[PDB]
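Consider the single chain below, provided in structure tokens and representing the form deposited in one PDB entry.
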């Protein structure tokens, strides 16, 4: 048997989408799936972790990525989502740097790095209706994002002409994804990316790749619109149908390859007749799409077989 090891925090490994996909991969006659226990991941040395031939491992809050890297170096499995790239995906600055290097359209942006010790000595000038970051001018509306990609306190600043103030986004709490604040001035502590607001029809497009030649997309109400989450009867966020155009399919191909994450989620803003990437999340599955589960498992199984069937002397055809 070819062993596929799944290495992540239990919150992820035991999530319903993961279980749905893993039972389908387990359908491959020559593949056995082994899910690494969180207790083992956290508390055992990598030398004691289970063996695998193919490793699906991904960082989320609390995950010891240093251990995952050392395990991969020790055992040399075929790695589905590259582990070292997952350090970079945690830093919005690194993500945007990569997108630019790949000729991928993204919002015009500027980075404000702040020395916590001297927080006023950085390159920011603020007016009522604009900021200037390293000399670069952002008129309101603009977006302010923490440089840590794991910090979801993204703020949007409204122009005087629209009543000023700001929209404060956050990880969803029940029925809310954001709140309006009368505060008009930007945050005074922390490092931030400042970027142009891209006007959309009021939805985000979420893209989920499984390798460079497959991408599923769906839309949802922009969390900044008023912050009330649209929920269905099962308490799931309302998702709308999307089909990616030829340009967007190429974006997905580029993102998947550039970040070396076979399974990769990212966000598109359809604005001004083009599509801009504003966020790259790495490993992410679609929730509540049976067809996605079927396709994702099929593709991952095929990738595994294509790569490893020869060395195991197993017949494999495309």
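The term rigid core refers to the maximal set of C-alpha atoms that superpose within 1.5 Å between the two forms. Numbering follows the first chain given and starts at 1. Residues that one form lacks are left out of the comparison.
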Per the PDB record, is the mean Cα temperature factor higher over 236-244 or over 212-220?
236-244
With respect to the recorded C-alpha B factors, which stretch has the higher mean value, 33-41 or 282-290?
282-290
Which of these has the highest Cα B-factor in the record: 151, 126, 204, 196?
126
From the list 82, 144, 94, 136, select the residue with the highest C-alpha B factor recorded in the entry.
136
What third of the chain, by the recorded C-alpha B-factor, contains residue 28?
highest
Check where residue 318 lands among this chain's C-alpha B-factors and tell me if it's the lowest, middle or highest third.
highest
C-alpha B factor of residue 10, ranked within the chain: lowest, middle or highest third?
middle
Going by the entry, which third of its chain does the Cα temperature factor of residue 18 land in?
middle
Could you place residue 98 in the lowest, middle or highest third of its chain by Cα temperature factor, using the values in the record?
middle
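If you look for the form deposited in another entry, you will not find it shown, but the lines that follow are about it.
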For the core superposition between this form and the one not shown, please identify the residue among 244, 122, 111, 85 whose CA shift reaches 2 Å or more.
122
Would you say residue 135 moves its Cα by 2 Å or more between this form and the one not shown, aligning on the core?
no
Exceeds or equals 2 Å, Cα of residue 235 between this form and the one not shown, core fit
yes
Where exactly does the backbone move between this form and the one not shown? Looking for runs of 3+ consecutive residues, each with a CA shift of 2 angstroms or more after core alignment.
116-122, 232-236
